[PDB]
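**Q**
In this note's numbering, the protein residues as written are -3 to 276.
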């Protein structure tokens, strides 16, 4: 299932959570979060969905909660060291990494890692650049931080974290500055989906080949989408919700890399931008 967690429907921040079953092309609502959360990072570890940070409408959040699908329950665990909305979240070597974000009064280059065995976050090497609205994914044992916003420019830059040496290094930038970008890994490529370049919301999509350190543009989305959640299921990339510039979206579309095409599927129950999306 694809879980869509939190977000913003235009006129309220959401604690609701819904799950997509591709076999029936249906979304259904499950247990909500303890707290409304938009700009939330969402990752899967040891059979739980972790919802990390976010914005509840009136404060940026350091709290973290984990969803157990066997009991349809969220439970709060150890909070981040820093409030983080617009945070990117990925799983590597059994840790959850929280990458960048916005604490309310500064955009963050800091990065911290959660160990579920000890219920603790610890700070590791920071990014080269402050990044909120950053997309994060894991490929070949590295964490890639893709685009974002440093406070005073939207970013096309991309950097990769090597946990063996606790270091980030900059690689090839995107073709287009992208904040609020969704990122996922499929067939050994990183896809950067939509986002916002500073002066337009984007429908474009580009794929990174680490063997050649190159991004290349592929088929665009049907709709411009920033603040979009992206996940991979059954060999398709799903782009979930987002914001097209002039409406928040409930629509969902799926990318087939074999035919280089997106197609619209069942929409969410509610419009959701800044939504976190994970597969469990």
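Ideal placement from N, C-alpha and C gives every residue a C-beta, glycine not left out.
(1) Measuring CA to CA, which of 244, 23, 264, 234 is closest to residue 258?
(2) From this set, 245, 249, 276, which residue's C-alpha is nearest residue 7's C-alpha?
(3) For residue 175, which residues does DSSP report across the bridge?
(4) Report the option in 207, 191, 170 whose CA atom is closest to the CA atom of residue 184.
(5) Could you have a look at residue 151 and say whether DSSP puts it in helix, strand or coil?
(6) With a cut-off of 8 Å on the beta carbons, I'd call residue 164 and residue 203 a contact; round off their distance for me.
(7) DSSP three-state call for residue 218: helix, strand or coil?
(8) With a cut-off of 8 Å on the beta carbons, I'd call residue -1 and residue 45 a contact; round off their distance for me.
(9) For residue 132 versus residue 95, is the C-beta spacing smaller than 8 Å?
(10) Need the endpoints of the beta strand (DSSP E) that residue 197 sits in, please.
(11) Applying the 10 Å Cβ sphere with the 16-neighbour rule, what's the burial state of residue 19?
(12) Excluding five sequence neighbours on each side, which residues of the same chain lie with their C-beta closer than 7 Å to the C-beta of residue 89?
(13) Just to confirm before moving on: does the CB-CB distance between residue 50 and residue 35 stay below 8 Å?
(14) Residue 172 and residue 193 - do their beta-carbons sit closer together than 8 Å?
(15) Starting from residue 106 and walking both ways along the beta strand (DSSP E), at which residues does that stretch end?
(16) Sort out for me which residues DSSP pairs residue 48 with in a bridge.
(17) Pick helix, strand or coil for residue 210, following the three-state DSSP scheme.
(18) Return the CA-CA distance between residue 116 and residue 255, expressed in angstroms with no decimal places.
(19) If you count every other CB in all the chains shown that lies within 10 Å of the CB of residue 150, and 16 or more means buried, which is it?
(20) Is any non-hydrogen atom of the ligand ADP found closer than 7 Å to the C-beta of residue 261, if you look at the structure I gave you?
(21) Compute the distance between the beta-carbons of residue 238 and residue 261, then report whether it is under 8 Å.
(22) Judging by CA-CA distance, which residue of 157, 40, 186, 2 is the nearest neighbour of residue 26?
(23) Can you tell me which of the three DSSP states residue 19 falls into?
(24) At 3 residues or longer, and completely inside the segment 64 to 94: list those beta strand (DSSP E) runs for me, N to C.
(25) Does the Cβ-Cβ distance between residue 48 and residue 83 come in under 8 Å?
(26) Would you mind sorting residue 68 into buried or exposed? The rule is 16 or more other CB atoms within 10 Å of its CB.
**A** In this structure, then:
(1) Taking the chain shown and counting its residues from 1, the one referred to as residue 258 is at position 262. Looking at the Cα atoms, 234 is the closest of the given residues.
(2) On the chain shown, position 11 is the one that residue 7 refers to. For the residues 245, 249, 276, the minimum Cα distance to residue 7 belongs to 245.
(3) Locating residue 175 in the chain shown gives position 179, counting from the first residue. Residue 175 pairs with 192.
(4) As a working mapping, residue 184 is identified with position 188 in the chain shown. For the residues 207, 191, 170, the minimum Cα distance to residue 184 belongs to 207.
(5) On the chain shown, residue 151 is found 155 positions in, with the first residue counted as 1. Residue 151 falls in the coil class under three-state DSSP.
(6) Along the chain shown, read from residue 1 onward, the residue named residue 164 stands at position 168. Along the chain shown, read from residue 1 onward, the residue named residue 203 stands at position 207. Actually they are not in contact, since the Cβ atoms of residue 164 and residue 203 sit about 21 Å apart, beyond 8 Å.
(7) Position 222 of the chain shown, counted from the first residue, corresponds to residue 218. Coil at residue 218, not helix or strand.
(8) Within the chain shown, the letter at position 3 stands for residue -1. Within the chain shown, the letter at position 49 stands for residue 45. That pair is a contact at about 6 Å.
(9) Residue mapping note: residue 132 aligns to position 136 of the chain shown, counting from 1. Residue mapping note: residue 95 aligns to position 99 of the chain shown, counting from 1. Taking 8 Å as the Cβ cut-off, residue 132 and residue 95 qualify as a contacting pair.
(10) Locating residue 197 in the chain shown gives position 201, counting from the first residue. Run containing residue 197: 197 to 205, per the beta strand (DSSP E) assignment.
(11) Against the chain shown, residue 19 aligns to sequence position 23. Under this definition residue 19 is an exposed residue.
(12) Position 93 of the chain shown, counting from 1, holds the residue named residue 89. Closer than 7 Å at Cβ, skipping near neighbours: 159.
(13) On the chain shown, position 54 is the one that residue 50 refers to. On the chain shown, position 39 is the one that residue 35 refers to. Contact flag set, yes.
(14) The residue you call residue 193 lines up with position 197 of the chain shown. The residue you call residue 172 lines up with position 176 of the chain shown. In this structure, residue 172 lies closer than 8 Å to residue 193 by Cβ.
(15) Residue numbering aside, residue 106 sits at position 110 when the chain shown is read from its first letter. Here residue 106 belongs to no beta strand (DSSP E), and DSSP marks it neither H nor E.
(16) Working through the chain shown from its first residue, we reach residue 48 at position 52. Beta-bridge pairing links residue 48 to 37, 60.
(17) Position 214 of the chain shown, counted from the first residue, corresponds to residue 210. The answer is strand: DSSP assigns residue 210 an E or B state.
(18) Mapped onto the chain shown, residue 116 falls at position 120. Mapped onto the chain shown, residue 255 falls at position 259. Taking the straight line from one Cα to the other gives about 43 Å.
(19) Here residue 150 is taken as the residue at index 154 of the chain shown, counted from 1. Looking at its Cβ environment, which holds 16 or more other Cβ atoms inside 10 Å, residue 150 is buried.
(20) No copy of the ligand ADP occurs in the structure displayed, which carries no ligand at all.
(21) Your numbering for residue 238 matches position 242 in the chain shown. Your numbering for residue 261 matches position 265 in the chain shown. Cβ distance not < 8 Å, so residue 238 and residue 261 don't count as in contact.
(22) Here residue 26 refers to the residue found at position 30 when the chain shown is read from its first residue. The residue with the shortest Cα to Cα distance from residue 26 is 2.
(23) Position 23 of the chain shown, counted from the first residue, corresponds to residue 19. Coil, per DSSP.
(24) 69 to 72, 84 to 88
(25) In the chain shown, the residue the question calls residue 48 occupies position 52. In the chain shown, the residue the question calls residue 83 occupies position 87. Yes, they are a contact pair.
(26) In the chain shown, residue 68 corresponds to position 72, counting from 1. With fewer than 16 other Cβ atoms within 10 Å, it is exposed.
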